[PDB]
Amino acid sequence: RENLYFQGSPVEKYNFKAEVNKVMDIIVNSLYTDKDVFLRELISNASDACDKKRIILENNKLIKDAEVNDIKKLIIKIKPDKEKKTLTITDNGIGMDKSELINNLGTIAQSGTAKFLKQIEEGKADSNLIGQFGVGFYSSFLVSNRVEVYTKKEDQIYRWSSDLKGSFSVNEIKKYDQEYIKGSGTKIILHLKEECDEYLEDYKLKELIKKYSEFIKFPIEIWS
């Protein structure tokens, strides 16, 4: 009897596997973690997303030619906003459609996270060592109360949001013409934990970009 809308579209809420959510909570909120790695992980995903776009564009062209460009614009952008307490990482890479977004981001036990958890379980790894593994996107929760993802694959924009407390939400944004992701891309908005405002600082971002960028072959732009 209660249908939910956000920005003009119905909101679909999905539950995480409860047990997994429980343990994920422990590792991202654990004391003595290397919280900095969240940026390593997101930049790594942004680079992969640009690589995927480049490769698919090249193949498309081959097939368009045979019958029957902006690869140069590929970039990763990082924007702190001290007043809103947000850090935003944006790529103009492949993006995700609704389905990929629910199935890809909607499952916590990824490859690296599952690995880590199993080692902990087998007594082979300490539970504060999230950094020692490549857990990917969900590492954003090392430093965030809430995470949003706005991603466009082809003419449609979808928003994913979660505070990692049992569920995530997905809804379409029909008129995202309020913000100029051009062709495709993914915009990740981190709503930072109170104790994590140093990630709003220019010198800190630069330091991390330098530590985690050495092998990333797409330009990274830090605003301010």
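Note that residue numbering follows the sequence shown and begins at 1.
Asks: Check the residues of the deposited sequence separating residue 180 from residue 181 and report how many of them have no coordinates, as none, 1 to 3, 4 to 9, or 10 or more.
Replies: Going from residue 180 to residue 181, the model skips 1 to 3 residues of the deposited sequence.
Asks: Quick one: classify how much of the deposited chain lacks coordinates between residue 31 and residue 32, choosing none, 1 to 3, 4 to 9, or 10 or more.
Replies: Nothing is missing between them.
Asks: Using the B-factors recorded in the PDB entry, average over the C-alpha atoms of 102-110 and of 149-157, then report which stretch comes out higher.
Replies: Per the PDB record, 102-110.
Asks: Would you mind comparing 195-203 and 44-52 for me and telling me which has the higher average C-alpha temperature factor in the entry?
Replies: Stretch with the greater average CA B-factor: 195-203.
Asks: Which one, 62, 189, 39, 68, has the peak C-alpha temperature factor per the PDB entry?
Replies: The listed residue with the largest C-alpha B-factor is 68.
Asks: What third of the chain, by the recorded C-alpha B-factor, contains residue 117?
Replies: Highest third.
Asks: Where does the C-alpha B-factor of residue 173 rank in its chain, lowest, middle or highest third?
Replies: Highest third.
Asks: Taking only the Cα B-factors deposited for this chain, tell me whether residue 123 sits in the lowest, middle or highest third.
Replies: As the PDB entry reports it, the C-alpha B-factor of residue 123 lands in the highest third of its chain.
Asks: Place residue 3 in the lowest, middle or highest third of its chain's C-alpha B-factors, as listed in the PDB entry.
Replies: Middle third of the chain for residue 3's C-alpha B-factor.
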